[PDB]
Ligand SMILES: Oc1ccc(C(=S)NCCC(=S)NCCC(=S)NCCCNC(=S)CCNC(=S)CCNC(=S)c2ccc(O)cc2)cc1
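Single chain ahead, by itself, as structure tokens, in the form solved without the ligand.
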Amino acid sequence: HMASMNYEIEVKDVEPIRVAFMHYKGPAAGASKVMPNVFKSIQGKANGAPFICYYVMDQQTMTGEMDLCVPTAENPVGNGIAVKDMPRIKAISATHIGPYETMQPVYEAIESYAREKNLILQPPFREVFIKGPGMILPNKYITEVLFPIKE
């Protein structure tokens, strides 16, 4: 009867995911210019929620190094876009509702949870864009953080 009052923090087994992706380094801003190029390369045939895998992220400078990923069965057309399987992870999952650029309380809750359950966090982490109002408009955005743990 209760759903996403809190961050619904749990440990999940996430199986490998075939993605079309672009590796991006620069302002978290300039990533949104790319994520559409991924969709177009695979004729917009996603078979899962798009996500960003963060290898490096500084929220003080809001710049980082990341994979912009769209789960797909398709072969990408138009170079820059490649396909790989994102690896199996055992991850702390947190579900965030609303504006998603920083989500400091979510990452603090994940860190506190990890210490409580004696889990060791292992980058890289993912932000999964489950839902949102779409392209005709944010208090409705659903973003799942997946932070891998050491097994």
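Residues that one form lacks are left out of the comparison. Superpose the two forms; the largest set of C-alphas matching within 1.5 Å is the rigid core. All residue numbers refer to positions in the sequence shown, first residue = 1.
Absent from the display: the form deposited with the ligand bound. The rest refers to it.
Using a 4.5 angstroms limit between non-hydrogen atoms, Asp85 is distant from the ligand in the deposited complex. Although the partner is absent here, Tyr113 is not a contact residue: none of its heavy atoms lies within 4.5 angstroms of the ligand in the deposited complex. The ligand is not drawn, but in the deposited complex it has no heavy atom within 4.5 Å of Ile92. Not displayed here, the ligand is kept clear of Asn47 by more than 4.5 Å at the level of heavy atoms in the deposited complex.
Annotated contacts: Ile9, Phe21 and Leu146 are all free of the ligand in the deposited complex [non-hydrogen atom within 4.5 angstroms]. Along 112 to 143, these residues reach a heavy atom to within 4.5 Å of the ligand in the deposited complex: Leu121, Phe125, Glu127, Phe129, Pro133, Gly134, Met135. After superposing on the rigid core, the stretches of 3 or more consecutive residues whose C-alphas move by 2 Å or more between this form and the one not shown are 27 to 30, 59 to 62, 132 to 137.
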